[PDB]
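So this block is data11.cif, mmCIF, C-alpha atoms:
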data_data
loop_
_atom_site.label_atom_id
_atom_site.label_comp_id
_atom_site.auth_asym_id
_atom_site.auth_seq_id
_atom_site.Cartn_x
_atom_site.Cartn_y
_atom_site.Cartn_z
CA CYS A 1 0.00 0.00 0.00
CA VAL A 2 0.93 3.66 -0.50
CA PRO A 3 1.00 5.70 2.74
CA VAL A 4 -0.85 9.01 2.81
CA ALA A 5 -0.54 11.85 5.32
CA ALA A 6 -3.54 12.53 7.55
CA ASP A 7 -3.67 16.23 6.66
CA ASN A 8 -3.96 15.32 2.96
CA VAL A 9 -7.35 13.63 3.54
CA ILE A 10 -10.75 15.34 3.84
CA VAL A 11 -14.31 14.16 4.45
CA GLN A 12 -17.15 14.85 2.02
CA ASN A 13 -20.18 16.49 3.62
CA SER A 14 -22.75 13.97 2.37
CA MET A 15 -22.88 10.54 0.74
CA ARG A 16 -25.99 11.38 -1.30
CA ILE A 17 -25.73 10.97 -5.07
CA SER A 18 -27.24 13.91 -6.94
CA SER A 19 -27.59 12.02 -10.23
CA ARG A 20 -29.61 9.13 -8.75
CA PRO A 21 -32.04 10.06 -5.96
CA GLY A 22 -32.73 7.36 -3.40
CA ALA A 23 -29.18 5.97 -3.65
CA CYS A 24 -26.29 6.91 -1.38
CA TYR A 25 -22.75 5.70 -0.79
CA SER A 26 -22.50 3.17 2.03
CA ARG A 27 -19.02 4.48 2.89
CA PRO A 28 -17.95 8.14 3.17
CA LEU A 29 -16.32 9.79 0.18
CA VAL A 30 -12.71 10.94 0.50
CA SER A 31 -10.92 13.69 -1.42
CA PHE A 32 -7.17 13.30 -0.99
CA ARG A 33 -3.85 14.43 -2.44
CA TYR A 34 -0.82 12.16 -2.78
CA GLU A 35 1.60 14.81 -1.50
CA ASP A 36 1.47 18.30 0.01
CA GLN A 37 1.23 19.94 -3.43
CA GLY A 38 -0.41 16.97 -5.15
CA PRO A 39 -3.78 17.30 -6.86
CA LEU A 40 -6.94 16.24 -5.08
CA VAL A 41 -8.16 12.75 -5.98
CA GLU A 42 -11.83 11.81 -5.73
CA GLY A 43 -12.31 8.55 -3.87
CA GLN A 44 -14.16 6.61 -1.20
CA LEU A 45 -13.15 5.56 2.29
CA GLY A 46 -12.23 1.96 3.04
CA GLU A 47 -11.66 -0.06 6.21
CA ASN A 48 -9.09 1.00 8.83
CA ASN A 49 -8.03 4.28 7.19
CA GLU A 50 -7.90 2.60 3.76
CA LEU A 51 -8.72 4.75 0.73
CA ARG A 52 -10.56 3.30 -2.28
CA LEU A 53 -9.87 4.86 -5.67
CA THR A 54 -13.28 3.92 -7.12
CA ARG A 55 -16.50 5.23 -5.56
CA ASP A 56 -18.43 2.03 -6.25
CA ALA A 57 -19.99 1.32 -2.83
CA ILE A 58 -23.57 2.32 -3.68
CA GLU A 59 -26.60 1.43 -1.56
CA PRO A 60 -30.25 2.52 -1.56
CA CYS A 61 -31.22 5.36 0.75
CA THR A 62 -32.13 4.09 4.22
CA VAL A 63 -33.92 5.84 7.08
CA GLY A 64 -32.20 6.02 10.45
CA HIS A 65 -28.76 5.94 8.82
CA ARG A 66 -26.83 6.45 12.05
CA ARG A 67 -23.42 5.01 11.19
CA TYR A 68 -19.85 5.23 12.46
CA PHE A 69 -16.59 4.97 10.53
CA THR A 70 -12.95 5.08 11.57
CA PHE A 71 -10.88 8.13 10.62
CA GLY A 72 -7.22 8.27 11.58
CA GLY A 73 -6.90 7.95 15.33
CA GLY A 74 -10.65 8.23 15.87
CA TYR A 75 -14.14 7.89 14.40
CA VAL A 76 -16.38 10.12 12.29
CA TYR A 77 -20.13 10.22 12.90
CA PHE A 78 -22.92 10.30 10.32
CA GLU A 79 -26.71 10.58 10.37
CA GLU A 80 -28.86 10.25 7.24
CA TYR A 81 -25.71 10.45 5.09
CA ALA A 82 -24.63 13.74 6.70
CA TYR A 83 -21.32 14.49 8.40
CA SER A 84 -21.74 15.24 12.11
CA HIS A 85 -18.35 15.61 13.83
CA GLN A 86 -15.06 13.90 14.64
CA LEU A 87 -14.88 11.41 17.51
CA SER A 88 -11.91 10.42 19.65
CA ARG A 89 -11.03 6.79 20.33
CA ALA A 90 -12.06 7.04 24.00
CA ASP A 91 -15.44 8.57 23.08
CA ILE A 92 -16.90 5.06 22.61
CA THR A 93 -17.12 2.37 25.28
CA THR A 94 -14.51 -0.30 24.61
CA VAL A 95 -15.28 -4.02 24.89
CA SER A 96 -12.17 -6.18 25.17
CA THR A 97 -12.01 -9.15 22.81
CA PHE A 98 -8.68 -10.09 24.39
CA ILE A 99 -8.48 -12.63 27.21
CA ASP A 100 -6.27 -11.40 30.02
CA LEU A 101 -3.35 -13.62 31.07
CA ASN A 102 -1.84 -11.85 34.07
CA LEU B 1 6.42 -17.51 30.96
CA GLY B 2 7.45 -14.21 29.40
CA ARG B 3 7.58 -15.96 26.04
CA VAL B 4 4.11 -17.38 26.75
CA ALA B 5 2.79 -13.93 27.68
CA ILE B 6 4.32 -12.35 24.56
CA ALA B 7 2.83 -15.11 22.41
CA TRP B 8 -0.56 -14.60 24.08
CA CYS B 9 -0.50 -10.85 23.46
CA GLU B 10 0.50 -11.53 19.85
CA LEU B 11 -2.28 -14.11 19.59
CA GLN B 12 -4.86 -11.59 20.80
CA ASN B 13 -3.59 -8.83 18.50
CA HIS B 14 -3.44 -11.38 15.68
CA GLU B 15 -6.92 -12.89 16.16
CA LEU B 16 -8.37 -9.39 16.41
CA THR B 17 -8.89 -9.58 12.63
CA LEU B 18 -10.65 -12.93 12.92
CA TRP B 19 -12.84 -11.27 15.54
CA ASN B 20 -13.58 -8.34 13.22
CA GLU B 21 -14.62 -10.77 10.49
CA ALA B 22 -16.76 -12.70 12.97
CA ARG B 23 -18.40 -9.44 14.06
CA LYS B 24 -19.19 -8.73 10.41
CA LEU B 25 -20.64 -12.25 10.10
CA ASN B 26 -22.65 -12.91 13.29
CA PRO B 27 -22.81 -9.63 15.23
CA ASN B 28 -25.32 -10.85 17.82
CA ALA B 29 -23.25 -13.84 18.92
CA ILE B 30 -19.95 -11.96 18.70
CA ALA B 31 -21.20 -9.03 20.78
CA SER B 32 -22.77 -11.38 23.32
CA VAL B 33 -19.50 -13.30 23.69
CA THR B 34 -17.44 -10.12 23.99
CA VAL B 35 -19.69 -8.30 26.47
CA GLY B 36 -20.57 -11.34 28.60
CA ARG B 37 -24.36 -10.87 28.48
CA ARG B 38 -26.65 -12.09 25.71
CA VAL B 39 -27.35 -8.89 23.76
CA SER B 40 -28.70 -8.25 20.28
CA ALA B 41 -26.36 -6.24 18.08
CA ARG B 42 -26.12 -4.62 14.66
CA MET B 43 -22.88 -3.22 13.25
CA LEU B 44 -23.75 0.28 12.03
CA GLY B 45 -20.50 0.66 10.14
CA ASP B 46 -17.06 0.42 11.74
CA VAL B 47 -18.70 0.32 15.19
CA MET B 48 -21.21 -2.12 16.68
CA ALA B 49 -24.55 -0.97 18.10
CA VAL B 50 -25.96 -3.28 20.77
CA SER B 51 -29.16 -3.65 22.78
CA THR B 52 -29.80 -5.82 25.82
CA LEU C 1 0.04 -22.38 35.12
CA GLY C 2 -3.45 -22.26 36.62
CA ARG C 3 -3.80 -18.81 35.08
CA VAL C 4 -2.62 -20.30 31.78
CA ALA C 5 -5.17 -23.12 32.05
CA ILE C 6 -7.98 -20.70 32.92
CA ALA C 7 -7.01 -18.47 30.00
CA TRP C 8 -6.91 -21.51 27.71
CA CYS C 9 -10.38 -22.65 28.77
CA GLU C 10 -11.62 -19.10 28.26
CA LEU C 11 -9.91 -19.01 24.86
CA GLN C 12 -11.69 -22.18 23.75
CA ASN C 13 -15.07 -21.05 25.12
CA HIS C 14 -14.49 -17.66 23.47
CA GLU C 15 -13.35 -18.94 20.06
CA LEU C 16 -16.33 -21.30 19.98
CA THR C 17 -18.24 -18.44 18.32
CA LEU C 18 -15.54 -18.04 15.66
CA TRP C 19 -15.77 -21.80 15.18
CA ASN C 20 -19.54 -21.65 14.73
CA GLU C 21 -19.06 -18.92 12.11
CA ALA C 22 -16.36 -20.99 10.39
CA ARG C 23 -18.68 -24.01 10.37
CA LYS C 24 -21.30 -21.84 8.68
CA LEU C 25 -18.66 -20.72 6.17
CA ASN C 26 -16.61 -23.81 5.20
CA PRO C 27 -18.38 -26.84 6.69
CA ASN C 28 -16.26 -29.45 4.89
CA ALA C 29 -12.92 -28.19 6.20
CA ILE C 30 -14.27 -27.30 9.64
CA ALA C 31 -15.91 -30.70 10.15
CA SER C 32 -12.82 -32.52 8.84
CA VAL C 33 -10.53 -30.68 11.26
CA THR C 34 -12.89 -31.10 14.22
CA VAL C 35 -13.39 -34.83 13.62
CA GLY C 36 -9.75 -35.58 12.80
CA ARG C 37 -10.33 -37.30 9.44
CA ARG C 38 -10.93 -35.77 6.02
CA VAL C 39 -14.74 -35.80 5.76
CA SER C 40 -17.40 -33.92 3.81
CA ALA C 41 -20.09 -31.94 5.64
CA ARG C 42 -23.46 -30.55 4.62
CA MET C 43 -25.90 -27.85 5.74
CA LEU C 44 -25.74 -28.14 9.53
CA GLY C 45 -28.80 -26.09 10.43
CA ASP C 46 -27.81 -26.38 14.06
CA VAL C 47 -25.61 -29.52 14.05
CA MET C 48 -23.11 -30.62 11.41
CA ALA C 49 -24.09 -33.58 9.23
CA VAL C 50 -20.96 -35.34 7.97
CA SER C 51 -20.02 -38.20 5.65
CA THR C 52 -16.69 -39.99 5.27
CA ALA D 1 -32.29 -24.06 29.75
CA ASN D 2 -32.94 -20.39 29.01
CA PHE D 3 -34.46 -18.24 26.28
CA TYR D 4 -33.83 -14.67 25.14
CA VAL D 5 -35.51 -12.10 22.90
CA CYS D 6 -33.29 -9.55 21.17
CA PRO D 7 -35.03 -6.31 20.12
CA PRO D 8 -33.70 -4.52 17.03
CA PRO D 9 -30.74 -2.49 18.32
CA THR D 10 -30.67 1.29 17.96
CA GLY D 11 -27.88 3.86 17.99
CA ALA D 12 -28.21 4.52 21.72
CA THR D 13 -25.41 2.15 22.79
CA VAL D 14 -22.22 1.84 20.74
CA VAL D 15 -19.29 -0.47 21.54
CA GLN D 16 -15.85 -0.93 20.00
CA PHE D 17 -13.27 -3.70 20.06
CA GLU D 18 -10.10 -2.92 21.99
CA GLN D 19 -7.12 -1.83 19.91
CA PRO D 20 -4.23 -4.32 19.62
CA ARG D 21 -2.44 -4.06 22.94
CA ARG D 22 1.31 -3.43 22.90
CA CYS D 23 2.92 -6.81 23.46
CA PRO D 24 5.64 -6.82 26.15
CA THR D 25 9.24 -7.01 24.95
CA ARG D 26 11.75 -9.66 25.93
CA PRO D 27 14.22 -8.51 28.61
CA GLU D 28 17.70 -7.69 27.36
CA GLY D 29 19.02 -10.64 29.37
CA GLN D 30 21.73 -10.95 31.99
CA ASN D 31 24.95 -9.72 30.37
CA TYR D 32 27.27 -12.56 31.38
CA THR D 33 31.05 -12.17 31.50
CA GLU D 34 32.95 -15.45 31.27
CA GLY D 35 36.32 -16.11 32.84
CA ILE D 36 38.34 -18.33 35.13
CA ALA D 37 37.76 -18.17 38.87
CA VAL D 38 39.33 -19.62 42.02
CA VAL D 39 37.07 -19.33 45.06
CA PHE D 40 39.03 -19.08 48.31
CA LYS D 41 37.87 -20.11 51.78
CA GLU D 42 39.16 -19.22 55.23
CA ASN D 43 42.15 -21.39 56.14
CA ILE D 44 40.91 -23.09 59.29
CA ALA D 45 43.56 -25.77 58.81
CA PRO D 46 46.68 -25.12 60.92
CA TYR D 47 50.18 -24.52 59.54
CA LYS D 48 51.91 -27.90 59.80
CA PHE D 49 55.68 -28.32 59.77
CA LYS D 50 58.17 -30.96 60.86
CA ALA D 51 59.96 -30.36 64.16
CA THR D 52 62.44 -32.48 66.10
#
As structure tokens, please, write out the structure in this file.
Amino acid sequence: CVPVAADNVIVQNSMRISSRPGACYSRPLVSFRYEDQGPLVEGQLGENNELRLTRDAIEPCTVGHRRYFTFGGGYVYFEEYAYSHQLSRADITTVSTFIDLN
Amino acid sequence: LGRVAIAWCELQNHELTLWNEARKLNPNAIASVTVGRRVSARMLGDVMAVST
Amino acid sequence: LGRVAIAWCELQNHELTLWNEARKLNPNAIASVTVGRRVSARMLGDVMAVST
Amino acid sequence: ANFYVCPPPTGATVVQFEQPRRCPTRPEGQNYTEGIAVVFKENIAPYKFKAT
């Protein structure tokens, strides 16, 4: 994979598709530049800070679209395909999948 | 025992991805096993939303 | 070593959910490994049906 | 012998899996310096000599 600086990545305001009403992207869109002076590249978010070149994740519009997605060191909130705010890692209660061996 | 502890920490950090896949597959069972109480769940994206 | 044994029992009881998901995914391989002999499995429903 | 009913979860409660914990590192080990040695003990034996 090709590393990308955090500052070179931005969040699109909404996942709604203007061309096709009733359809929205299931994963937030990302506009990013390869370097500091690099051009912006239209893309879609992936899993664990991954960036997808193709904005192909398309789903029908759904009510109650309260979703969370990772973003750098924290999460980014959404409601009805609308950006809400950044979230820190500690903002969400953590359940431990690990099994302690003291 | 330090080798065992290091291997156990590596095993947890290494099965974390298996656990993520299992959460994507059967969120109710995975969330119940993780929390300790039988709870219904639904992964609303990168995070899991639960309900007792 | 008692802590190790307790953690191992917890690890088995805790990976049982991953194993249920894996049975749902690849029943042939999962049943073969669990039994100890290369066998073919079918739609379990709630219990694996196997055949040598 | 128990039964449960799971209502459809909402966004009220959100949980996350713990991040991969930092595995402990092996100790640097006891830096051992080899070499010959001759342990000496207190001479409780007397000083014997031949006298006439």
### Message
Since I can't run it myself right now, could you work out what the PyMOL selection byres ((chain A) within 6 of (chain B)) selects here and report it as a count of residues only?
### Response
5
### Message
What's around residue 50 of chain A at 10 Å? Count only C-alpha atoms, leave out sequence neighbours fewer than 5 positions away in its own chain, and write the answer as a list in words.
### Response
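The neighbour list is residues 1, 2, 3, 4, 44, 45, 70, 71 and 72 of chain A.
Of the residues under consideration (A:90, A:95, A:17, A:76), A:17 shows the shortest atom-to-atom contact distance to residue 56 of chain A when counting all atoms listed in the file.
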#### Entry: Expected residue set, 9 Å radius at (-19.3, -35.0, 6.8), all atoms listed in the file, as a list in words
residues 27, 28, 31, 32, 38, 39, 40, 41, 42, 48, 49, 50, 51 and 52 of chain C
### Message
With 10 Å as the limit and counting all atoms listed in the file, what residues in chain D lie close to chain B? Please list them as a PyMOL selection string.
### Response
chain D and resi 3-27
At a cut-off of 8 Å, using only C-alpha atoms, what residues contact residue 87 of chain A? Leave out same-chain residues fewer than 6 positions from it and give the result as a compact mmCIF listing (two decimals) with C-alpha atoms, in the coordinates of the input.
# COMPACT_ATOMS: atom_id res chain seq x y z
CA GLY A 74 -10.65 8.23 15.87
CA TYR A 75 -14.14 7.89 14.40
CA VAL A 76 -16.38 10.12 12.29
CA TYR A 77 -20.13 10.22 12.90
### Query
What does the distance between atom CA of residue 1 of chain D and atom CA of residue 29 of chain B come to in Å, to one decimal place?
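Taking atom CA of residue 1 of chain D as the start and atom CA of residue 29 of chain B as the end point, the length is 17.4 Å.
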### Message
Just to confirm, what's the straight-line distance from atom CA of residue 26 of chain A to atom CA of residue 22 of chain B in Å (one decimal)?
### Response
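Here the two named atoms are 20.1 Å from each other.
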### Message
If I take atom CA of residue 60 of chain A and atom CA of residue 33 of chain A, how far is one from the other in Å, to one decimal?
### Response
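The value is 29.0 Å.
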### Query
Just so the selection is clear, what residues does the PyMOL selection byres ((chain A) within 7 of (chain D)) cover here, as a list in words?
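Matching residues under the PyMOL selection byres ((chain A) within 7 of (chain D)) are residues 66, 92, 93, 94, 95, 96 and 97 of chain A.
Closest approach to residue 41 of chain A among A:9, A:63, A:24, A:57: A:9, based on all atoms listed in the file.
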10 Å contact set for residue 15 of chain A, only C-alpha atoms, chain neighbours under 5 positions out, as an mmCIF file with C-alpha atoms, keeping the file's coordinate frame:
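Result went into result13.cif, see below:
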data_model
loop_
_atom_site.group_PDB
_atom_site.id
_atom_site.type_symbol
_atom_site.label_atom_id
_atom_site.label_comp_id
_atom_site.auth_asym_id
_atom_site.auth_seq_id
_atom_site.Cartn_x
_atom_site.Cartn_y
_atom_site.Cartn_z
ATOM 1 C CA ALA A 23 -29.180 5.970 -3.650
ATOM 2 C CA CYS A 24 -26.290 6.910 -1.380
ATOM 3 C CA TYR A 25 -22.750 5.700 -0.790
ATOM 4 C CA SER A 26 -22.500 3.170 2.030
ATOM 5 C CA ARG A 27 -19.020 4.480 2.890
ATOM 6 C CA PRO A 28 -17.950 8.140 3.170
ATOM 7 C CA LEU A 29 -16.320 9.790 0.180
ATOM 8 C CA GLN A 44 -14.160 6.610 -1.200
ATOM 9 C CA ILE A 58 -23.570 2.320 -3.680
ATOM 10 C CA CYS A 61 -31.220 5.360 0.750
ATOM 11 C CA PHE A 78 -22.920 10.300 10.320
ATOM 12 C CA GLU A 80 -28.860 10.250 7.240
ATOM 13 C CA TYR A 81 -25.710 10.450 5.090
ATOM 14 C CA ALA A 82 -24.630 13.740 6.700
ATOM 15 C CA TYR A 83 -21.320 14.490 8.400
#
Compile the contact shell of residue 42 of chain A as a short mmCIF file (atom, residue, chain, number, x, y, z; two decimals) with C-alpha atoms, in the coordinates of the input: residues with an atom at most 7 Å away, counting all atoms listed in the file, same-chain residues fewer than 6 positions apart removed.
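Heads up, here's the output in around_27.cif:
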data_model
loop_
_atom_site.label_atom_id
_atom_site.label_comp_id
_atom_site.auth_asym_id
_atom_site.auth_seq_id
_atom_site.Cartn_x
_atom_site.Cartn_y
_atom_site.Cartn_z
CA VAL A 30 -12.71 10.94 0.50
CA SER A 31 -10.92 13.69 -1.42
CA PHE A 32 -7.17 13.30 -0.99
#
